[PDB]
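Single chain ahead, written as structure tokens, the form deposited in one PDB entry.
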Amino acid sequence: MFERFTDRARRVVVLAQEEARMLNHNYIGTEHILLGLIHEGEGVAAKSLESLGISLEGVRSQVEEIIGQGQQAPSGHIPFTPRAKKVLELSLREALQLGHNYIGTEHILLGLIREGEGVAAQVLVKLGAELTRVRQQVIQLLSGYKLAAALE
């Protein structure tokens, strides 16, 4: 639920919508969630993806090559695809399974990996970030400086 999202995780969603709009896409899919995670730039998700060599411009290029740029930019809110909804539901599940009381960028990316079957997943693999490796990078950051920060 968005009430439990951190400020940074809410920004991921807002940026995902902007990324769909700039591509003239009429639904926010997992590929746009991925773009929002990268565009946010500072959280666990962005750091994990950067560490595997994934870039904002590379993902944008792949989305344009796989889906195609749309024809007119939509106005207003852009609805989630069914799969993007599933990913956001899984972000909540991932936090619950870990025992966490918040939803951060880490959990959005973990939910994306857990669903594992949409355009973001296709793009990640094509660009050299295996889904299991993305998950490992996220978990390693959680076990490291995130746990350190919580203990201080």
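Here, rigid core means the biggest group of C-alpha atoms that superpose within 1.5 Å across both forms. Note that residue numbering follows the sequence shown and begins at 1.
Omitted from view is the form deposited in another entry, to which the following refers.
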inquiry  = Only one of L35, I28, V123, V87 crosses a C-alpha shift of 2 angstroms between this form and the one not shown, counting 2 angstroms or more, core aligned. Which residue?
reply    = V123
query = After the core is matched up, is the C-alpha of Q137 off by 2 Å or more between this form and the one not shown?
reply = yes
request  = With both forms fitted on the core, give yes or no for whether the Cα of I54 moves by 2 angstroms or more between this form and the one not shown.
outcome  = yes
message = Does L110 shift between this form and the one not shown by 2 angstroms or more at the C-alpha, the core having been superposed?
response = no
inquiry  = Can you confirm the direction of the Cα distance change for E64 and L35 in the other entry, closer or farther than in this form, given it is 3 Å or more?
reply    = closer
request  = Once you account for a change of 3 Å or more, let me know if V125 and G111 sit closer or farther in the other entry, using their C-alpha atoms.
outcome  = closer
